[PDB]
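K.L.:
Sharing a structure below in structure tokens format, with a few things to ask.
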Amino acid sequence: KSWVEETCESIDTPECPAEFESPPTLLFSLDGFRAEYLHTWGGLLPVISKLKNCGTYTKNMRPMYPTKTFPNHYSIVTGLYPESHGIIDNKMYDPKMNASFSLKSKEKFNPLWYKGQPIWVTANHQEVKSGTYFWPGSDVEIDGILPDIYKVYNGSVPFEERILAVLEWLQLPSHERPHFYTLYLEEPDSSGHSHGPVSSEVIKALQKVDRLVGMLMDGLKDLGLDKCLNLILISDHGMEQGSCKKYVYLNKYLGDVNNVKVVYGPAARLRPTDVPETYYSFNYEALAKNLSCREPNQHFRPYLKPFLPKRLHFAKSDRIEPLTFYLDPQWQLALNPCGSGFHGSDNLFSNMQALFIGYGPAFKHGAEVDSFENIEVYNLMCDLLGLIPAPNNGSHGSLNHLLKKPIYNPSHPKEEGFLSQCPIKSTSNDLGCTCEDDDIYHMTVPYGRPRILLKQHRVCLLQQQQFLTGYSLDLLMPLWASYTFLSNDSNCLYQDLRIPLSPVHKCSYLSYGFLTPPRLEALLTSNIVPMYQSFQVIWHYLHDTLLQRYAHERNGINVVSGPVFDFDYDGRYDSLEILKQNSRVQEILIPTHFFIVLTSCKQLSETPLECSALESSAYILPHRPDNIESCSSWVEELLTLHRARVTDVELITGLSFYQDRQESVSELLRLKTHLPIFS
Ligand SMILES: *[C@@H]1O[C@H](CO)[C@@H](O[C@@H]2O[C@H](CO)[C@@H](O[C@@H]3O[C@H](CO)[C@@H](O)[C@H](O[C@H]4O[C@H](CO)[C@@H](O)[C@H](O)[C@@H]4O)[C@@H]3O)[C@H](O)[C@H]2NC(C)=O)[C@H](O)[C@H]1NC(C)=O
Ligand SMILES: COc1cc2ncnc(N3CCC(CCP(=O)(O)O)CC3)c2cc1OC
Ligand SMILES: *[C@@H]1O[C@H](CO)[C@@H](O)[C@H](O)[C@H]1NC(C)=O
Ligand SMILES: *[C@@H]1O[C@H](CO)[C@@H](O)[C@H](O)[C@H]1NC(C)=O
Ligand SMILES: [Ca+2]
Ligand SMILES: [Cl-]
Ligand SMILES: [Zn+2]
Ligand SMILES: [Zn+2]
């Protein structure tokens with residue numbers, strides 16, 4: 001009887017033969033296996049279904065931007081964002097190197113491109129043998145390390161052969177055998193492209209893919225290993241249906257010119273031809289203004305690197321062309337001339353979502369877990385091979401719930417900020433505008449106050465009746481303001497006597513804006529933030545029309561909001577150095593973004609002051625001085641786009657939320673790494 005034919009066996013302890021000190025781990029990849037493919041055609045795919053059922057599965061695995069092969073596989077194996085690991089796209093150009101990058105190129109094997117540290121390098125650096133069978137970067141001198149077995153990419157190698165050869169290396173002697181393996185298949189991505197994501201072709205592709213996984217599983221059976229190998233079935237990204245009738249051509253807006261090179265598809269980027277002579281010279285900003293709001297329903301949108309949604313993490317690398325285009329589902333873009341299956345879109349689109357299944361002794365049997373970014377996988381792979389992971393973008397421990405016996409028991413980040421209290425100091429002035437505690441504190445910060453990770457920043461906690469403000473004495477402005485807005489609730493300001501009187505405090509004196517809205521003290525100087533007029537339309541609608549609407553839906557919401565200063569667009573909090581170097585002229589420090597974390601309970605009957613389980617959403621909102629970005633409906637539509645993980649917020653603000661929460665550290669991490677999927 002074949003492996004597919006049997007019922008679900010439990011694997012409480014690894015049942016390995018002698019010569020196996022521990023389970024070996026296989027990272028099988030099937031290119032462009034849209035997460036959806038399983039949601040529908042599971043009944044046609046018995047093998048993957050059994051893997052789903054006797055294993056740890058997730059309905060959606062969120063890939064990285066851009067949703068292409070090379071950036072995603074290399075993200076999988078480094079736990080890094082493309083912006084940090086180097087491989088930005090299958091086709092890219094580095095102006096510092098003056099070099100191009102093609103898969104069909106000599107540069108394809110150049111070690112300068114691939115940054116970070118893949119799992120096999122990590123395994124090698126720690127005396128663990130590793131055998132790949134095709135994997136982006138595996139045949140490349142990364143840190144001078146190759147895998148202990150590898151294959152240079154020859155795409156025409158039969159699939160059934162790749163399955164056999166991996167099954168052979170498991171037969172290898174205990175001294176030269178790998179402990180970590182990778183497979184790769186081009187399907188269903190080939191058929192995905194050639195015939196589109198919905199076609200009898202992809203069904204065929206899927207059923208081959210299915211049967212070949214069945215083979216490996218039968219081979220592992222016929223090696224005494226079906227209860228010994230830890231399998232991870234995975235994919236890079238999903239697959240979207242192609243257009244012709246939904247393709248943007250920039251010749252219409254520019255004339256059919258040949259002076260700018262423009263990367264095609266949904267991941268569209270633009271740079272000058274005269275490169276690297278005119279790369280940093282080029283005024284991109286004006287070309288963007290020349291291209292925003294140019295149609296009734298403009299299905300594309302220009303975006304200078306830093307002003308893209310930060311949740312994408314696509315700006316730090318110099319390989320990223322300073323002018324990108326965000327696109328709407330299904331739509332692509334070129335410079336000049338379409339009906340093919342494609343990918344590369346927003347990582348939050350439904351069809352970009354990827355497959356993840358974990359089978360074997362380490363993983364749970366028949367557990368559906370929530371959705372996660374693929375950058376988390378690296379840390380899970382380090383755990384499974386007893387490796388200390390390289391520094392990476394995964395929140396290490398957030399996947400502990402996949403594992404029967406998890407290794408890493410994580411703990412919250414320790415507070416590094418300096419937290420002295422603010423008594424009544426600046427007695428006593430006016431601005432001339434035309435005008436017990438523990439019970440109050442607990443109410444403002446029901447989940448615990450944010451913890452200042454900012455080493456070693458001087459912060460004051462300021463108690464008010466309706467809200468708790470976290471004021472920065474190193475920046476003389478608030479960092480955060482938390483209030484609980486329960487389900488049922490104009491040119492004047494007051495001096496806060498606990499904060500130093502900076503001249504920016506009077507009405508006489510880009511404007512001010514309130515962190516906690518007054519329509520519920522909120523007119524304290526310690527509650528105002530520097531804010532543009534074109535942002536005030538977003539802000540005053542958010543707290544009036546939008547936020548009050550949510551309070552009813554959720555039965556109360558708890559809000560934390562504040563400034564974000566990310567001038568160098570990495571998506572982390574800026575050093576005080578570059579804070580000085582970006583304070584425009586009074587010598588105001590001026591926020592690039594405003595964050596807002598909305599916290600409800602999953603149980604609607606509970607109010608935020610009394611949640612069992614948490615419900616979270618967060619927003620990194622961009623503080624642009626005009627609403628060119630967005631041209632009732634438009635303000636919400638901006639919020640949904642500029643969503644962020646709570647972790648994204650923590651990274652960018654140096655704050656840490658929910659440390660005082662019933663939930664374990666691992667549960668909170670999973671909560672804080674949540675993003676919701678569009679369509
Ligand atoms: C995703 O995770 C990665 C991995 O940790 C992380 O990227 C890393 O960020 C740090 C800081 O930006 C990088 O370290 C830098 O290295 C270069 C030289 O190679 C230096 O120029 C930098 O020096 C500054 O920082 C020093 C101390 O921190 C200061 O003393 C000094 O004055 C400089 O200001 C800095 O040391 C590191 O190389 C990267 N690694 C990679 C692989 O990119 C990234 O932040 C994470 N992404 C997100 C969105 O959180
Ligand atoms: C490390 O050397 C290579 C490893 C590869 N591993 C996986 N897939 C590869 N391909 C390149 C991407 C191709 C898919 C196209 P898409 O980017 O998913 O649109 C399929 C073949 C590799 C291509 C490679 O070199 C060309
Ligand atoms: C950069 O490389 C290109 C292509 O190899 C070449 O044409 C050019 O001379 C180089 N230019 C500079 C300015 O280094
Ligand atoms: C790729 O592998 C196949 C099967 O072994 C072989 O027939 C073919 O010649 C190989 N191509 C190259 C370029 O090595
Ligand atoms: Ca920064
Ligand atoms: Cl679930
Ligand atoms: Zn791919
Ligand atoms: Zn593809």
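The way I read the labels, and the way they are meant: chains A, B, ... in the order of the structure tokens, residue 1 as the first residue of every chain, and ligand 1 as the first ligand shown, with later ones counted on from there.
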Give me the residues near segment 407-414 of chain A as an MDAnalysis selection string, where near means some atom within 8 Å (using only C-alpha atoms) and where sequence neighbours in that chain fewer than 3 positions away do not count.
P.N.:
chainID A and resid 383 396:397 400 453 656 659 665:666
K.L.:
From segment 107-185 of chain A, collect each residue whose DSSP state is strand (DSSP E or B) and return the set as a list in words.
P.N.:
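Taking segment 107-185 of chain A and keeping strand (DSSP E or B) only, one gets residues 130, 131, 132, 142, 145, 149, 180, 181, 182, 183, 184 and 185 of chain A.
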K.L.:
Would you write out those residues with N, CA, C and O atoms, as a compact mmCIF listing (two decimals), in the first residue's frame?
P.N.:
```txt
# COMPACT_ATOMS: atom_id res chain seq x y z
N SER A 130 24.27 20.17 3.99
CA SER A 130 23.07 20.70 3.30
C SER A 130 23.09 20.45 1.79
O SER A 130 24.01 20.87 1.10
N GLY A 131 22.04 19.79 1.28
CA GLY A 131 21.97 19.41 -0.13
C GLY A 131 20.77 19.95 -0.90
O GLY A 131 19.65 19.50 -0.68
N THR A 132 21.02 20.90 -1.80
CA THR A 132 19.97 21.50 -2.65
C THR A 132 19.78 20.77 -3.97
O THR A 132 20.73 20.18 -4.49
N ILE A 142 28.00 32.37 -2.04
CA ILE A 142 27.51 33.28 -1.01
C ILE A 142 28.36 33.08 0.24
O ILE A 142 28.38 31.99 0.81
N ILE A 145 30.48 30.15 0.64
CA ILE A 145 29.83 28.88 0.99
C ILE A 145 28.91 28.41 -0.13
O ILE A 145 28.04 29.15 -0.60
N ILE A 149 25.90 19.40 -1.08
CA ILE A 149 25.52 18.91 -2.41
C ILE A 149 24.70 20.03 -3.06
O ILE A 149 23.90 20.68 -2.39
N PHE A 180 19.81 19.00 5.84
CA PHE A 180 18.83 19.91 5.23
C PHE A 180 18.79 19.85 3.69
O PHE A 180 19.80 20.11 3.03
N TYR A 181 17.61 19.57 3.15
CA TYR A 181 17.43 19.38 1.71
C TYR A 181 16.50 20.41 1.11
O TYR A 181 15.64 20.96 1.80
N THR A 182 16.69 20.70 -0.18
CA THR A 182 15.71 21.47 -0.95
C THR A 182 15.41 20.79 -2.29
O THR A 182 16.32 20.30 -2.96
N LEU A 183 14.13 20.77 -2.64
CA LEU A 183 13.68 20.45 -3.98
C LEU A 183 13.15 21.70 -4.66
O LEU A 183 12.93 22.73 -4.00
N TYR A 184 12.97 21.62 -5.98
CA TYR A 184 12.30 22.68 -6.76
C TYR A 184 11.61 22.11 -8.00
O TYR A 184 12.17 21.26 -8.70
N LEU A 185 10.40 22.59 -8.26
CA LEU A 185 9.67 22.31 -9.50
C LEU A 185 9.22 23.61 -10.14
O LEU A 185 8.86 24.56 -9.45
```
K.L.:
Tell me which protein, DNA and RNA residues are within 8 Å of residue 292 of chain A, counting only C-alpha atoms, leaving out same-chain ones fewer than 4 positions away, and put them as an MDAnalysis selection string.
P.N.:
chainID A and resid 288 301:302 628:629 631
K.L.:
Write the selection just made, keeping N, CA and C atoms, as a PDB file, in the first residue's frame?
P.N.:
```pdb
ATOM      1  N   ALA A 288       6.429  61.899 -11.591  1.00  0.00           N
ATOM      2  CA  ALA A 288       5.332  61.340 -10.789  1.00  0.00           C
ATOM      3  C   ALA A 288       4.090  62.255 -10.799  1.00  0.00           C
ATOM      4  N   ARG A 301      -0.664  53.863 -10.067  1.00  0.00           N
ATOM      5  CA  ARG A 301      -0.316  54.995  -9.227  1.00  0.00           C
ATOM      6  C   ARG A 301       1.190  55.143  -9.045  1.00  0.00           C
ATOM      7  N   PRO A 302       1.758  56.304  -9.450  1.00  0.00           N
ATOM      8  CA  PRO A 302       3.169  56.621  -9.190  1.00  0.00           C
ATOM      9  C   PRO A 302       3.467  56.734  -7.709  1.00  0.00           C
ATOM     10  N   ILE A 628      -2.204  64.178  -3.476  1.00  0.00           N
ATOM     11  CA  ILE A 628      -1.982  63.736  -4.857  1.00  0.00           C
ATOM     12  C   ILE A 628      -2.110  62.216  -4.904  1.00  0.00           C
ATOM     13  N   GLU A 629      -1.613  61.573  -3.842  1.00  0.00           N
ATOM     14  CA  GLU A 629      -1.659  60.128  -3.662  1.00  0.00           C
ATOM     15  C   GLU A 629      -3.072  59.591  -3.891  1.00  0.00           C
ATOM     16  N   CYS A 631      -5.838  61.536  -4.920  1.00  0.00           N
ATOM     17  CA  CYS A 631      -6.583  62.508  -5.760  1.00  0.00           C
ATOM     18  C   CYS A 631      -7.589  63.372  -4.968  1.00  0.00           C
TER      19      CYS A 631
END
```
K.L.:
Any idea what's packed within 10 Å of segment 579-589 of chain A, counting only C-alpha atoms, ignoring anything in its chain fewer than 6 positions away? Could you give it as an MDAnalysis selection string?
P.N.:
chainID A and resid 475:477 502:504 509 529:530 565:568 573
K.L.:
Would you return as an NGL selection string the members of segment 261-335 of chain A that DSSP assigns to helix (DSSP H, G or I) on this structure's backbone?
P.N.:
:A and (284-289 or 305-307 or 310-312)
K.L.:
Measuring between only C-alpha atoms, which one of A:451, A:457, A:602, A:364 shows the shortest distance to residue 417 of chain A?
P.N.:
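For residue 417 of chain A, the nearest of the given residues is A:457.
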K.L.:
Taking only C-alpha atoms and all ligand atoms into account, report as a list in words which residues have an atom no farther than 10 Å from an atom of ligand 3.
P.N.:
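Protein and nucleic-acid residues within 10 Å of ligand 3: residues 95, 96, 97, 98, 99, 100, 274, 275, 276, 277 and 278 of chain A.
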K.L.:
How would the residues just picked look written out with N, CA and C atoms as a JSON list (two decimals), in the first residue's frame?
P.N.:
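Output contents, as saved in part-v3.json:
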```
[["chain", "number", "residue", "atom", "x", "y", "z"],
["A", 95, "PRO", "N", 23.09, 50.74, -9.56],
["A", 95, "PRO", "CA", 23.88, 51.87, -10.07],
["A", 95, "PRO", "C", 25.27, 52.01, -9.42],
["A", 96, "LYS", "N", 25.40, 51.60, -8.15],
["A", 96, "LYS", "CA", 26.69, 51.60, -7.44],
["A", 96, "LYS", "C", 27.72, 50.65, -8.06],
["A", 97, "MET", "N", 27.24, 49.48, -8.50],
["A", 97, "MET", "CA", 28.04, 48.49, -9.22],
["A", 97, "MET", "C", 28.16, 48.76, -10.72],
["A", 98, "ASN", "N", 27.28, 49.62, -11.24],
["A", 98, "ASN", "CA", 27.04, 49.82, -12.69],
["A", 98, "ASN", "C", 26.65, 48.52, -13.46],
["A", 99, "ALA", "N", 26.18, 47.51, -12.73],
["A", 99, "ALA", "CA", 25.87, 46.20, -13.32],
["A", 99, "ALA", "C", 24.36, 45.88, -13.42],
["A", 100, "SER", "N", 24.01, 45.09, -14.43],
["A", 100, "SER", "CA", 22.66, 44.54, -14.59],
["A", 100, "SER", "C", 22.59, 43.11, -14.05],
["A", 274, "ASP", "N", 20.32, 57.16, -19.47],
["A", 274, "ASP", "CA", 21.65, 57.70, -19.16],
["A", 274, "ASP", "C", 22.04, 57.40, -17.70],
["A", 275, "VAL", "N", 22.51, 56.17, -17.50],
["A", 275, "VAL", "CA", 22.76, 55.60, -16.18],
["A", 275, "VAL", "C", 24.15, 54.91, -16.21],
["A", 276, "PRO", "N", 25.01, 55.09, -15.19],
["A", 276, "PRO", "CA", 24.70, 55.76, -13.93],
["A", 276, "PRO", "C", 25.05, 57.25, -13.87],
["A", 277, "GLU", "N", 25.22, 57.87, -15.04],
["A", 277, "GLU", "CA", 25.51, 59.30, -15.15],
["A", 277, "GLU", "C", 24.40, 60.16, -14.53],
["A", 278, "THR", "N", 23.14, 59.88, -14.88],
["A", 278, "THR", "CA", 21.99, 60.72, -14.47],
["A", 278, "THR", "C", 21.01, 60.08, -13.46]]
```
K.L.:
Give me, as number ranges by chain, the set of residues whose atoms come within 8 Å of any atom of ligand 4, counting only C-alpha atoms and all ligand atoms.
P.N.:
A: 154-158
K.L.:
Please produce a file of those selected residues containing N, CA and C atoms, as a PDB file, in the first residue's frame.
P.N.:
```pdb
ATOM      1  N   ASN A 154      19.745  23.642 -14.396  1.00  0.00           N
ATOM      2  CA  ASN A 154      19.440  23.103 -15.724  1.00  0.00           C
ATOM      3  C   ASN A 154      17.946  22.769 -15.724  1.00  0.00           C
ATOM      4  N   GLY A 155      17.155  23.698 -16.258  1.00  0.00           N
ATOM      5  CA  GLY A 155      15.689  23.604 -16.241  1.00  0.00           C
ATOM      6  C   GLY A 155      15.043  22.399 -16.916  1.00  0.00           C
ATOM      7  N   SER A 156      15.782  21.741 -17.808  1.00  0.00           N
ATOM      8  CA  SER A 156      15.252  20.644 -18.619  1.00  0.00           C
ATOM      9  C   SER A 156      15.415  19.256 -17.980  1.00  0.00           C
ATOM     10  N   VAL A 157      16.022  19.210 -16.790  1.00  0.00           N
ATOM     11  CA  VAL A 157      16.122  17.981 -15.993  1.00  0.00           C
ATOM     12  C   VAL A 157      14.713  17.488 -15.661  1.00  0.00           C
ATOM     13  N   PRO A 158      14.371  16.239 -16.057  1.00  0.00           N
ATOM     14  CA  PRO A 158      13.088  15.631 -15.656  1.00  0.00           C
ATOM     15  C   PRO A 158      12.763  15.772 -14.152  1.00  0.00           C
TER      16      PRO A 158
END
```
K.L.:
Set the distance at 8 Å and use only C-alpha atoms: which residues neighbour residue 363 of chain A once local chain neighbours fewer than 5 positions away are removed? I'd like the list as a PyMOL selection string.
P.N.:
chain A and resi 55-56+230+358+402-404
K.L.:
Take the residues from that selection and put them in a file with N, CA and C atoms, as a compact mmCIF listing (two decimals), in the first residue's frame.
P.N.:
```txt
# COMPACT_ATOMS: atom_id res chain seq x y z
N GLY A 55 -1.01 17.18 8.56
CA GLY A 55 0.03 18.17 8.83
C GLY A 55 -0.46 19.52 9.32
N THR A 56 0.49 20.44 9.46
CA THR A 56 0.22 21.82 9.85
C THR A 56 0.14 22.62 8.57
N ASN A 230 11.02 15.67 8.21
CA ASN A 230 10.19 16.87 8.32
C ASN A 230 10.10 17.53 6.95
N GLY A 358 3.31 21.87 6.47
CA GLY A 358 4.40 21.23 7.19
C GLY A 358 3.97 19.84 7.61
N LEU A 402 3.16 26.05 15.27
CA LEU A 402 3.17 25.02 14.24
C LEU A 402 3.75 23.72 14.77
N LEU A 403 4.66 23.87 15.74
CA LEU A 403 5.51 22.79 16.24
C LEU A 403 4.93 22.04 17.44
N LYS A 404 5.15 20.72 17.44
CA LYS A 404 4.79 19.86 18.57
C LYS A 404 5.74 20.16 19.72
```
K.L.:
List all protein, DNA and RNA residues that have an atom no more than 9 Å from any atom of ligand 7, counting only C-alpha atoms and all ligand atoms, and report them as a ChimeraX atom specification.
P.N.:
/A:30-33,67-70,72-73,186,189-190,235-239,343
K.L.:
Selection from above, C-alpha atoms, as a compact mmCIF listing (two decimals), in the first residue's frame, can you write it?
P.N.:
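Once everything was written out, this is part-v1.txt:
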```
# COMPACT_ATOMS: atom_id res chain seq x y z
CA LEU A 30 6.49 24.20 -6.23
CA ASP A 31 6.69 27.47 -8.17
CA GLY A 32 3.58 29.67 -8.40
CA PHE A 33 1.29 27.40 -6.41
CA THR A 67 5.74 38.76 -5.78
CA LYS A 68 8.34 37.24 -8.16
CA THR A 69 10.32 33.91 -7.95
CA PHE A 70 13.82 35.08 -7.13
CA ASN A 72 10.68 35.19 -2.65
CA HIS A 73 12.77 31.99 -2.62
CA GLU A 186 8.78 24.83 -12.21
CA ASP A 189 4.15 28.36 -12.62
CA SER A 190 4.89 27.36 -16.28
CA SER A 235 5.72 28.20 -2.83
CA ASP A 236 7.14 31.61 -3.71
CA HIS A 237 3.97 33.48 -4.73
CA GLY A 238 0.59 33.01 -6.43
CA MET A 239 -0.73 33.57 -9.93
CA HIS A 343 2.42 37.58 -10.69
```
K.L.:
Against ligand 5, which residues of chain A fall within 12 Å? For each one I want the closest pair of atoms and the distance in Å (one decimal), counting only C-alpha atoms and all ligand atoms, rows by chain and increasing residue number, as JSON lines.
P.N.:
```
{"residue": "A:306", "atom": "CA", "partner": "ligand 5", "partner_atom_place_in_ligand_line": "1 (Ca)", "distance": 11.1}
{"residue": "A:310", "atom": "CA", "partner": "ligand 5", "partner_atom_place_in_ligand_line": "1 (Ca)", "distance": 11.8}
{"residue": "A:315", "atom": "CA", "partner": "ligand 5", "partner_atom_place_in_ligand_line": "1 (Ca)", "distance": 11.4}
{"residue": "A:316", "atom": "CA", "partner": "ligand 5", "partner_atom_place_in_ligand_line": "1 (Ca)", "distance": 9.7}
{"residue": "A:564", "atom": "CA", "partner": "ligand 5", "partner_atom_place_in_ligand_line": "1 (Ca)", "distance": 9.9}
{"residue": "A:565", "atom": "CA", "partner": "ligand 5", "partner_atom_place_in_ligand_line": "1 (Ca)", "distance": 7.5}
{"residue": "A:566", "atom": "CA", "partner": "ligand 5", "partner_atom_place_in_ligand_line": "1 (Ca)", "distance": 4.8}
{"residue": "A:567", "atom": "CA", "partner": "ligand 5", "partner_atom_place_in_ligand_line": "1 (Ca)", "distance": 6.2}
{"residue": "A:568", "atom": "CA", "partner": "ligand 5", "partner_atom_place_in_ligand_line": "1 (Ca)", "distance": 5.2}
{"residue": "A:569", "atom": "CA", "partner": "ligand 5", "partner_atom_place_in_ligand_line": "1 (Ca)", "distance": 6.0}
{"residue": "A:570", "atom": "CA", "partner": "ligand 5", "partner_atom_place_in_ligand_line": "1 (Ca)", "distance": 5.4}
{"residue": "A:571", "atom": "CA", "partner": "ligand 5", "partner_atom_place_in_ligand_line": "1 (Ca)", "distance": 6.0}
{"residue": "A:572", "atom": "CA", "partner": "ligand 5", "partner_atom_place_in_ligand_line": "1 (Ca)", "distance": 4.4}
{"residue": "A:573", "atom": "CA", "partner": "ligand 5", "partner_atom_place_in_ligand_line": "1 (Ca)", "distance": 4.4}
{"residue": "A:574", "atom": "CA", "partner": "ligand 5", "partner_atom_place_in_ligand_line": "1 (Ca)", "distance": 3.6}
{"residue": "A:575", "atom": "CA", "partner": "ligand 5", "partner_atom_place_in_ligand_line": "1 (Ca)", "distance": 6.8}
{"residue": "A:576", "atom": "CA", "partner": "ligand 5", "partner_atom_place_in_ligand_line": "1 (Ca)", "distance": 9.8}
{"residue": "A:577", "atom": "CA", "partner": "ligand 5", "partner_atom_place_in_ligand_line": "1 (Ca)", "distance": 10.5}
{"residue": "A:578", "atom": "CA", "partner": "ligand 5", "partner_atom_place_in_ligand_line": "1 (Ca)", "distance": 8.3}
{"residue": "A:579", "atom": "CA", "partner": "ligand 5", "partner_atom_place_in_ligand_line": "1 (Ca)", "distance": 9.3}
{"residue": "A:582", "atom": "CA", "partner": "ligand 5", "partner_atom_place_in_ligand_line": "1 (Ca)", "distance": 11.7}
{"residue": "A:592", "atom": "CA", "partner": "ligand 5", "partner_atom_place_in_ligand_line": "1 (Ca)", "distance": 10.9}
{"residue": "A:651", "atom": "CA", "partner": "ligand 5", "partner_atom_place_in_ligand_line": "1 (Ca)", "distance": 9.2}
{"residue": "A:652", "atom": "CA", "partner": "ligand 5", "partner_atom_place_in_ligand_line": "1 (Ca)", "distance": 7.1}
{"residue": "A:653", "atom": "CA", "partner": "ligand 5", "partner_atom_place_in_ligand_line": "1 (Ca)", "distance": 9.3}
{"residue": "A:654", "atom": "CA", "partner": "ligand 5", "partner_atom_place_in_ligand_line": "1 (Ca)", "distance": 10.3}
```
K.L.:
So that I have them on file, write out the residues from the current selection with N, CA and C atoms, as a short mmCIF file (atom, residue, chain, number, x, y, z; two decimals), in the first residue's frame.
P.N.:
```cif
data_model
loop_
_atom_site.label_atom_id
_atom_site.label_comp_id
_atom_site.auth_asym_id
_atom_site.auth_seq_id
_atom_site.Cartn_x
_atom_site.Cartn_y
_atom_site.Cartn_z
N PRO A 306 10.08 56.15 -0.87
CA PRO A 306 9.71 56.26 0.55
C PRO A 306 8.20 56.37 0.81
N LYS A 310 4.55 51.25 3.71
CA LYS A 310 5.74 50.68 4.39
C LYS A 310 5.65 49.18 4.64
N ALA A 315 12.13 49.83 -0.40
CA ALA A 315 12.75 51.17 -0.54
C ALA A 315 14.24 51.27 -0.17
N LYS A 316 14.72 50.46 0.77
CA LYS A 316 16.10 50.61 1.28
C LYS A 316 17.19 50.32 0.24
N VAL A 564 5.59 59.21 13.33
CA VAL A 564 6.63 58.32 12.85
C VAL A 564 7.64 59.17 12.09
N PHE A 565 8.91 59.03 12.46
CA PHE A 565 10.00 59.66 11.73
C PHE A 565 10.89 58.60 11.10
N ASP A 566 10.61 58.25 9.84
CA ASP A 566 11.51 57.40 9.06
C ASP A 566 11.96 58.07 7.77
N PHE A 567 13.02 58.86 7.91
CA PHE A 567 13.59 59.67 6.85
C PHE A 567 14.43 58.88 5.85
N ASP A 568 15.14 57.86 6.33
CA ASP A 568 15.96 57.01 5.46
C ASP A 568 15.25 55.74 4.95
N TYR A 569 13.93 55.72 5.12
CA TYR A 569 13.01 54.74 4.51
C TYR A 569 13.37 53.23 4.56
N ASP A 570 14.04 52.82 5.64
CA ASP A 570 14.26 51.39 5.91
C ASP A 570 13.03 50.73 6.55
N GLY A 571 12.28 51.51 7.32
CA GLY A 571 11.12 50.99 8.02
C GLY A 571 11.45 50.69 9.46
N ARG A 572 12.55 51.28 9.92
CA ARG A 572 12.94 51.24 11.33
C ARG A 572 13.08 52.66 11.88
N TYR A 573 13.10 52.79 13.21
CA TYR A 573 13.21 54.10 13.85
C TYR A 573 14.58 54.73 13.58
N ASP A 574 14.57 56.04 13.33
CA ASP A 574 15.79 56.77 12.98
C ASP A 574 16.62 57.10 14.20
N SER A 575 17.94 57.04 14.02
CA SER A 575 18.89 57.53 15.02
C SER A 575 18.73 59.04 15.16
N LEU A 576 19.13 59.57 16.32
CA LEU A 576 19.01 61.00 16.61
C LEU A 576 19.83 61.86 15.65
N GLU A 577 20.95 61.29 15.18
CA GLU A 577 21.79 61.85 14.11
C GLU A 577 20.94 62.36 12.93
N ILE A 578 20.21 61.45 12.29
CA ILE A 578 19.49 61.76 11.05
C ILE A 578 18.18 62.50 11.35
N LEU A 579 17.78 62.49 12.62
CA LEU A 579 16.68 63.32 13.11
C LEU A 579 17.06 64.81 13.09
N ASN A 582 17.29 66.16 9.42
CA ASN A 582 16.03 66.25 8.66
C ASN A 582 14.98 67.19 9.27
N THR A 592 7.16 61.95 9.10
CA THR A 592 6.99 61.35 7.77
C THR A 592 5.71 60.53 7.70
N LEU A 651 8.70 48.40 14.89
CA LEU A 651 9.98 48.54 14.19
C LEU A 651 10.28 50.01 13.92
N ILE A 652 9.27 50.72 13.40
CA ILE A 652 9.42 52.10 12.96
C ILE A 652 9.37 53.15 14.08
N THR A 653 8.76 52.81 15.21
CA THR A 653 8.58 53.75 16.34
C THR A 653 9.46 53.47 17.54
N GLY A 654 10.04 52.26 17.60
CA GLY A 654 10.75 51.81 18.80
C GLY A 654 9.86 51.70 20.03
#
```
K.L.:
Could you please extract the residues within 7 Å of ligand 1, counting only C-alpha atoms and all ligand atoms, and hand them back as a PDB file with C-alpha atoms, in the first residue's frame?
P.N.:
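In the end it all went to result_9.pdb:
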```pdb
ATOM      1  CA  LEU A  80      14.917  38.849   5.006  1.00  0.00           C
ATOM      2  CA  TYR A  81      12.831  41.304   3.020  1.00  0.00           C
ATOM      3  CA  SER A  84      17.525  43.848   2.627  1.00  0.00           C
ATOM      4  CA  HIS A  85      18.658  40.625   0.923  1.00  0.00           C
ATOM      5  CA  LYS A 115      23.143  39.688   0.608  1.00  0.00           C
ATOM      6  CA  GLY A 116      22.320  38.225   4.017  1.00  0.00           C
ATOM      7  CA  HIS A 313       9.239  46.991   2.694  1.00  0.00           C
ATOM      8  CA  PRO A 391      19.790  38.390  12.079  1.00  0.00           C
ATOM      9  CA  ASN A 392      16.575  38.479  10.005  1.00  0.00           C
ATOM     10  CA  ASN A 393      13.122  40.098   9.526  1.00  0.00           C
ATOM     11  CA  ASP A 570      14.255  51.394   5.910  1.00  0.00           C
ATOM     12  CA  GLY A 571      11.120  50.985   8.016  1.00  0.00           C
ATOM     13  CA  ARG A 572      12.936  51.245  11.328  1.00  0.00           C
ATOM     14  CA  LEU A 651       9.977  48.543  14.192  1.00  0.00           C
TER      15      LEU A 651
END
```
